[PDB]
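*Asks:* The structure is given below, and queries will be raised subsequently.
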Number of protein chains: 2
Amino acid sequence: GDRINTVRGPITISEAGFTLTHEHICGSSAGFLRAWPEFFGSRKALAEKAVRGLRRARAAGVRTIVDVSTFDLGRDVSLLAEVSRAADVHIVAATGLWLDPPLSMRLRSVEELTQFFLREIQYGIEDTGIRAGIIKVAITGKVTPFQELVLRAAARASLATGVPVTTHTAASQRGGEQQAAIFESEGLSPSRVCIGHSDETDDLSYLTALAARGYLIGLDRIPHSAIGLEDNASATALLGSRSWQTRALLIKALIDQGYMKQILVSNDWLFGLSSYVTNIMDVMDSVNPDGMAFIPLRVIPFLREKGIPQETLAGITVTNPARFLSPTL
Amino acid sequence: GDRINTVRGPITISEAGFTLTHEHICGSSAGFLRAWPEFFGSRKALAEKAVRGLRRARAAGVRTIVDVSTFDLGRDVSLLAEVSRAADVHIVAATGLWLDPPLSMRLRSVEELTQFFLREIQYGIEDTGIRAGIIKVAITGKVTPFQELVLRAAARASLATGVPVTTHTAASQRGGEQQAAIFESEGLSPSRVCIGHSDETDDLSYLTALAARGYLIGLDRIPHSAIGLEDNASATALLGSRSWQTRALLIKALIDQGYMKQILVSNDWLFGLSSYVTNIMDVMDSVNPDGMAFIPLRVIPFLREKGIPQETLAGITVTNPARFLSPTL
Ligand SMILES: C[As](C)(=O)[O-]
Ligand SMILES: [Zn+2]
Ligand SMILES: [Zn+2]
Ligand SMILES: [Zn+2]
Ligand SMILES: [Zn+2]
């Protein structure tokens, strides 16, 4: 209602400041960082890379990130707490399930998954005492049966705690409509929900219609735009063919439609990525050397020069995330 | 050959004693026990159940078990160390990959996987310093391209270290001939390989030809039987429709063919199982209350009653596992 849980404990809403609402310290798999830290050079090297990256974002104005790495993205909340303390950047951790659930998760009922998401919000993650402040879910296509169980569990956990739900939309086909239908069938308010990766489409009438229904629209992959990398087969299905300015103009378009309050922006960046081909992190870092500072260093000035006023940009990067993250029923 | 790695440190061959070569403390998924221990009631409840069960096996003569839980079966070597020490039963831990590799494993090359298995054998598991003493691999059907990479990396790791390889197939499946092809193409000696779950069929021709090639034959699911549970589809799918006596008669058949030295016997038991339907452990515990003591309490007397000499049975339960586990380049 007024305090948000972070990996260093509770903070008040006013302390969050400029908040990147969809980021990762490391995109990995459950148990992997512990079992094979040398994949990333070392745990130390990954930690140090993340502390520099977060200090760079901080110098560019960022005060909070939301790490939307779930259990099955290899979330290590102890790593997050360490790099949060060393960078002096708040990190909100997530519960939920992404697209790589192991069997022990895939074979669970909606009731069982609700208890798991609830334990991570109400009690803590693992034995750390660190509580999730957001629930992350993911869909592909028209939403599979298991993904629908996960969305319903996420809705039920949200209804019991007030923490919001944020999604990974992996579809070339108005992928939020089915997510909205499932959330609404559960009695969840759209204002507790961010439909993420909404910048992957140019379908403005679709985005506007979700915003008018009260959903938050995550324009959160703005720098995933590889202009010149058609020699790499795997760099096209993880970056793209539309320019970053094209994606950023969706922000202006929704503002002009009257829905600035429904917009959340971010980079979807990370400092390590083992859940993809080897050396992918080198390709990503060469295409976007700004990392998580891309939003404040590139996108905010781009929008300013297009005529968006300062107060509107503050509304999007400070006010909207605060309203979204503060637990509410 | 050499001393054997256990979760309490190196032991000599002579200390292994009566060894069960395919067992589990808990069948789960990477990260799962630490993220959701109350799935098993609690971590402490699971540890206490394991210690009670191991102590009953110990009373019945068992001195060593080989826990062939891999990374992706949720191996928690600190759990293994706790219950080994409290039950005072040696436990050999495993590296390798089973049938639920996350993205961070299944997008790796054969060289990368070789390095991961080597790390777990030569350096230690996670940050524990506990080294694996066996490499566990698993296949479905034909052997998939990824599974074939896993088998080649396991062979290379075995060649570099002398530690043996042991395998899983699905219910009623064979698969040994397809696995042996790959292992021999890498130059691995059959004397370093156990073709596990070989009690899943009654194809004696298949079993005897692998044994004649020097493979170890794992007759290691002896108590698994859903006979009398025909209305429970999940129990039947898991435990199968063959009696424990049918499975045990394969031990006698291979002895009768002259292959006593190729035989390894076990229960493939566990004290928790989250990588299957909920409450399955209740079904399994009612089928086989003896747990891991099933082999010494029931199968050994069964085979004695069939006329097999005590010395042959001692060779199978003590000498064969010692020859198999002792690292041999
Ligand atoms: C954990 As099993 C029943 O696949 O050996
Ligand atoms: Zn995503
Ligand atoms: Zn993401
Ligand atoms: Zn198995
Ligand atoms: Zn097994």
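Following the order of the structure tokens, first chain is A, next is B, and so on, with residues numbered from 1 inside each chain and ligands from 1 in the order they appear.
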Enumerate residues in contact with ligand 5: an atom-to-atom distance of at most 9 Å, counting only C-alpha atoms and all ligand atoms. Format the result as a compact mmCIF listing (two decimals) with N, CA, C and O atoms, in the first residue's frame.
*Replies:*
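This is the output file selection22.txt:
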# COMPACT_ATOMS: atom_id res chain seq x y z
N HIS B 22 22.25 -48.17 -7.81
CA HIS B 22 21.30 -47.21 -8.43
C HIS B 22 20.22 -46.87 -7.47
O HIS B 22 19.21 -47.57 -7.37
N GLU B 23 20.38 -45.72 -6.81
CA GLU B 23 19.45 -45.28 -5.76
C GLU B 23 19.30 -43.79 -5.85
O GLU B 23 20.04 -43.12 -6.53
N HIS B 24 18.38 -43.27 -5.04
CA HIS B 24 18.25 -41.80 -4.91
C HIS B 24 17.89 -41.44 -3.49
O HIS B 24 17.02 -42.08 -2.91
N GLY B 27 14.20 -37.67 -5.74
CA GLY B 27 14.13 -37.39 -7.18
C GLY B 27 13.39 -36.08 -7.38
O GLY B 27 12.21 -35.98 -7.06
N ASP B 67 24.02 -42.68 -5.30
CA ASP B 67 22.90 -41.81 -5.61
C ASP B 67 23.12 -41.29 -7.01
O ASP B 67 23.99 -40.49 -7.22
N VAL B 68 22.34 -41.80 -7.96
CA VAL B 68 22.57 -41.43 -9.38
C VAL B 68 21.65 -40.28 -9.79
O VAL B 68 21.25 -40.12 -10.97
N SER B 69 21.32 -39.44 -8.81
CA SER B 69 20.65 -38.15 -9.14
C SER B 69 21.65 -37.20 -9.74
O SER B 69 22.66 -36.85 -9.11
N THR B 167 23.47 -45.77 -16.88
CA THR B 167 22.47 -45.23 -17.80
C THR B 167 21.04 -45.50 -17.37
O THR B 167 20.73 -46.47 -16.68
N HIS B 168 20.13 -44.63 -17.87
CA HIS B 168 18.67 -44.77 -17.73
C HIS B 168 18.03 -44.96 -19.07
O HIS B 168 18.36 -44.23 -20.00
N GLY B 196 21.67 -49.45 -17.38
CA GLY B 196 20.68 -49.52 -16.32
C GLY B 196 19.24 -49.78 -16.70
O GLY B 196 18.87 -49.69 -17.90
N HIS B 197 18.44 -50.14 -15.69
CA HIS B 197 17.03 -50.47 -15.87
C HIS B 197 16.87 -51.59 -16.89
O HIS B 197 15.87 -51.66 -17.62
N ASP B 220 17.90 -53.16 -11.62
CA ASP B 220 18.00 -52.16 -10.57
C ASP B 220 16.67 -51.51 -10.23
O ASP B 220 16.64 -50.54 -9.47
N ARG B 221 15.57 -52.08 -10.72
CA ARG B 221 14.23 -51.61 -10.37
C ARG B 221 13.39 -52.75 -9.83
O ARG B 221 12.17 -52.75 -9.95
N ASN B 267 17.57 -51.10 -6.10
CA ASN B 267 16.13 -50.83 -5.98
C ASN B 267 15.60 -49.65 -6.79
O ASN B 267 14.39 -49.56 -6.97
N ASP B 268 16.48 -48.71 -7.14
CA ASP B 268 16.03 -47.39 -7.70
C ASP B 268 14.97 -46.80 -6.81
O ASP B 268 13.92 -46.32 -7.27
N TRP B 269 15.27 -46.77 -5.52
CA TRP B 269 14.33 -46.22 -4.57
C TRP B 269 14.63 -44.72 -4.30
O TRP B 269 15.65 -44.19 -4.76
N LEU B 270 13.75 -44.09 -3.53
CA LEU B 270 13.97 -42.68 -3.12
C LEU B 270 13.10 -42.40 -1.91
O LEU B 270 12.23 -43.19 -1.57
*Asks:* Near chain A, which residues of chain B fall within 7 Å when you count only C-alpha atoms, and what do they look like as a list in words?
*Replies:*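 So the residues of chain B near chain A are residues 28, 29, 30, 31, 34, 35, 36, 100, 102, 103, 104, 107, 116, 125, 126, 274, 275, 276 and 277 of chain B.
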*Asks:* Based on the selection just made, write C-alpha atoms of those residues as a short mmCIF file (atom, residue, chain, number, x, y, z; two decimals), in the first residue's frame.
*Replies:*
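Listed below is the output, out11.cif:
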data_model
loop_
_atom_site.label_atom_id
_atom_site.label_comp_id
_atom_site.auth_asym_id
_atom_site.auth_seq_id
_atom_site.Cartn_x
_atom_site.Cartn_y
_atom_site.Cartn_z
CA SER B 28 13.52 -33.74 -7.95
CA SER B 29 14.63 -30.90 -10.24
CA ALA B 30 17.55 -28.42 -10.11
CA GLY B 31 16.96 -25.78 -7.45
CA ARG B 34 15.95 -25.31 -1.88
CA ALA B 35 13.16 -23.16 -3.39
CA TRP B 36 10.18 -25.23 -2.18
CA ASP B 100 15.13 -32.85 -17.80
CA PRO B 102 17.13 -26.91 -18.60
CA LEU B 103 17.98 -24.56 -21.44
CA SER B 104 21.33 -23.70 -19.90
CA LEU B 107 22.08 -25.50 -25.57
CA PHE B 116 30.85 -29.55 -16.71
CA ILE B 125 29.94 -30.20 -6.98
CA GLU B 126 28.88 -26.57 -6.60
CA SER B 274 8.73 -34.21 -6.89
CA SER B 275 9.42 -34.94 -10.56
CA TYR B 276 6.18 -36.96 -10.84
CA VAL B 277 2.54 -36.69 -9.73
#
*Asks:* Just list the residues in range 1-145 of chain B DSSP gives strand (DSSP E or B) on the backbone, as a list in words.
*Replies:*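 Strand (DSSP E or B) assignments inside range 1-145 of chain B correspond to residues 4, 5, 6, 9, 10, 11, 19, 20, 21, 22, 23, 27, 64, 65, 66, 67, 90, 91, 92, 94, 95, 96, 97, 134, 135, 136, 137 and 138 of chain B.
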*Asks:* Quick check for you: according to DSSP on this backbone, which residues of range 240-308 of chain A are classed as alpha helix (DSSP H)? Reply as a list in words.
*Replies:* residues 244, 245, 246, 247, 248, 249, 250, 251, 252, 253, 254, 255, 256, 280, 281, 282, 283, 284, 285, 286, 287, 294, 300, 301, 302, 303, 304 and 305 of chain A
*Asks:* Need the shell around range 285-287 of chain B: protein/DNA/RNA residues with any atom at most 9 Å away, counting only C-alpha atoms. Skip same-chain ones fewer than 5 positions apart. Format as a PDB file with N, CA and C atoms, in the first residue's frame?
*Replies:*
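This went into selection16.pdb:
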ATOM      1  N   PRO B 223      12.058 -53.807  -7.003  1.00  0.00           N
ATOM      2  CA  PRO B 223      10.749 -53.715  -6.350  1.00  0.00           C
ATOM      3  C   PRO B 223       9.663 -52.926  -7.087  1.00  0.00           C
ATOM      4  N   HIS B 224       9.965 -52.308  -8.222  1.00  0.00           N
ATOM      5  CA  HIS B 224       8.933 -51.511  -8.874  1.00  0.00           C
ATOM      6  C   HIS B 224       7.876 -52.384  -9.546  1.00  0.00           C
ATOM      7  N   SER B 225       6.677 -52.333  -8.988  1.00  0.00           N
ATOM      8  CA  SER B 225       5.564 -53.111  -9.519  1.00  0.00           C
ATOM      9  C   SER B 225       4.257 -52.474  -9.121  1.00  0.00           C
ATOM     10  N   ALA B 226       3.405 -52.243 -10.109  1.00  0.00           N
ATOM     11  CA  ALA B 226       2.068 -51.732  -9.830  1.00  0.00           C
ATOM     12  C   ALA B 226       1.035 -52.862  -9.904  1.00  0.00           C
ATOM     13  N   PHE B 271      13.368 -41.261  -1.272  1.00  0.00           N
ATOM     14  CA  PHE B 271      12.596 -40.883  -0.086  1.00  0.00           C
ATOM     15  C   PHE B 271      11.698 -39.682  -0.352  1.00  0.00           C
ATOM     16  N   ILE B 280       2.831 -39.401  -4.968  1.00  0.00           N
ATOM     17  CA  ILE B 280       3.302 -40.663  -5.542  1.00  0.00           C
ATOM     18  C   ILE B 280       4.135 -41.441  -4.518  1.00  0.00           C
TER      19      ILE B 280
END
*Asks:* Measuring between only C-alpha atoms, which one of B:94, B:150, B:122, B:42 shows the shortest distance to residue 135 in chain B?
*Replies:*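 Checking each of B:94, B:150, B:122, B:42 against residue 135 in chain B, counting only C-alpha atoms, the winner is B:94.
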*Asks:* Please indicate the distance in Å from CA of residue 294 in chain B to CA of residue 130 in chain B, rounded to one decimal place.
*Replies:* 28.2 Å
*Asks:* Compare A:247, A:58, A:8, A:298 by their minimum atom-to-atom distance to residue 93 in chain A, counting only C-alpha atoms, and give me the closest one.
*Replies:*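 Among the listed residues, the smallest separation from residue 93 in chain A belongs to A:8.
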*Asks:* What is the distance between CA of residue 301 in chain A and CA of residue 55 in chain A, in Å to one decimal?
*Replies:*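 CA of residue 55 in chain A lies at a distance of 19.9 Å from CA of residue 301 in chain A.
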*Asks:* So, counting only C-alpha atoms and all ligand atoms, which residue among A:10, A:218, A:176, A:164 is closest to ligand 3?
*Replies:*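 Going through A:10, A:218, A:176, A:164 one by one, the smallest distance to ligand 3 is for A:218.
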*Asks:* Find the residues around residue 162 in chain B up to 10 Å (only C-alpha atoms counted), leave out those fewer than 2 positions away in its own chain, and share them as a list in words.
*Replies:*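 The contact residues come out as residues 1, 2, 133, 134, 155, 156, 157, 158, 159, 160, 164, 165, 192, 325, 326, 327, 328 and 329 of chain B.
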